[PDB]
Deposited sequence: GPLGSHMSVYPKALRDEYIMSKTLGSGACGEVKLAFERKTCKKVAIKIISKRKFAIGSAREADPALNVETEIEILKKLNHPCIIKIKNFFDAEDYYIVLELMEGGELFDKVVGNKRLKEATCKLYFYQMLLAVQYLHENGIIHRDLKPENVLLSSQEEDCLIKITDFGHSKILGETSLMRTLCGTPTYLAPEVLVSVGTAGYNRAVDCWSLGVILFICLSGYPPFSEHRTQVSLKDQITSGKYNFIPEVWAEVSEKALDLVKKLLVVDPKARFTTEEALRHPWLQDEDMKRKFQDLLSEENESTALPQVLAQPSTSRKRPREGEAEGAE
């Protein structure tokens, strides 16, 4: 059974994932999502400490937290469910929709990056859709694995006299960890546009570690011929092996594919519409 303190504010309903439960807030009769996590502590102390501090349309907000036998985390409820469900089993979203979704993905991740945060676990199932409309807001979720951006920094201005070699060498590449969420975005954009994974083991004898390190991804021109060159061009620039050359969230946001005033207009429209709920009258 659930804590008295939890049951006291919420009315636990059905299951949504596995675990995430649906619940109603007593005060308001509004639907919320409650994530349960059994005992560990580190990932949560931080996911909360992060979520609490974050503030963006395309990042999931935390509504409440319960430290008990297990951990209960109360979040905004995304009604469209996971993005994974939209692409699983070679389903595929129309390009215009991918641009819409990916644009928000870029905004969200750029946001984290501006704030010294690295998600590190971006997958189709950590992206949630605000409704069942395929014209909806998406939100990034699952900050369990996030890093937060100085060891080297200090080590640097000192006596390199005893400093091991490997550490100085580590400098050239230091400070580029975020590049890994851009990889992941790349992988995601691929699956979305095509229907299929860039590096799977379906019909191929080359290892998976080797497809990825090489950069050589299963490219099936039959499916891709349906997809624009502008789109695919971007996928290519995110799936760069060298992280220093890889596209950043910003370079991606400046890419031709994303200079599309309609998709941006639709996102606007979509934005304000969510905000009508909270719209405070303001000074004129």
Q | Gaps in the model (deposited sequence, numbered from 1) | A | 1 to 8, 27 to 30, 52 to 63, 174 to 175, 311 to 329
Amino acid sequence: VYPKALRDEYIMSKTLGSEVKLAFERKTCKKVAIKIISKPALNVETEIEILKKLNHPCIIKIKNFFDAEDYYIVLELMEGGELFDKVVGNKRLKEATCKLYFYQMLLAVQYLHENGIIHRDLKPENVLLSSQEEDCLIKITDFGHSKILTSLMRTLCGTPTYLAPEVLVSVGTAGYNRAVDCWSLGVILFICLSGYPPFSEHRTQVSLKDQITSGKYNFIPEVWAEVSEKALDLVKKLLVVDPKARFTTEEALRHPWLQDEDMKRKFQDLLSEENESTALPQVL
From here on, numbers count along this sequence of modelled residues.
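Between two forms, the rigid core is defined as the largest C-alpha subset superposing within 1.5 Å.
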Q. How do 157 to 165 and 69 to 77 compare in 9 other deposited structures of this protein: which one has C-alphas farther from this form after the rigid core is matched?
A. 157 to 165
Q) When the other structures are laid on this one by the rigid core, do the CA atoms of 43 to 51 or of 235 to 243 sit farther away in 9 other deposited structures of this protein? A) 43 to 51
Q | Check: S18 without coordinates in a third or more of other entries | A | yes
Q) Comparing 210 to 218 with 154 to 162, which has the greater mean CA B-factor as deposited? A) 154 to 162
**Q.** Higher-scoring stretch by recorded Cα B factor average, 88 to 96 or 168 to 176
**A.** 88 to 96
Q | Highest-ranked of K123, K139, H202, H119 once sorted by CA temperature factor in the record | A | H202
**Q.** From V32, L232, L42, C58, residue of greatest CA B-factor
**A.** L42
Q. With respect to C-alpha B-factor, does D70 fall in the lowest, middle or highest third of the chain as deposited?
A. highest
Q. Taking the entry's C-alpha B-factors for this chain, is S146 in the lowest, middle or highest third?
A. lowest
Q) If you rank the chain by CA B-factor, which third does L51 end up in: lowest, middle or highest? A) middle
Q.
Test of reading the entry: by CA B factor among the chain's modelled residues, which third contains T28?
A. lowest
Q: Going by the recorded CA B-factors, say which third of the chain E76 sits in, lowest, middle or highest.
A: middle
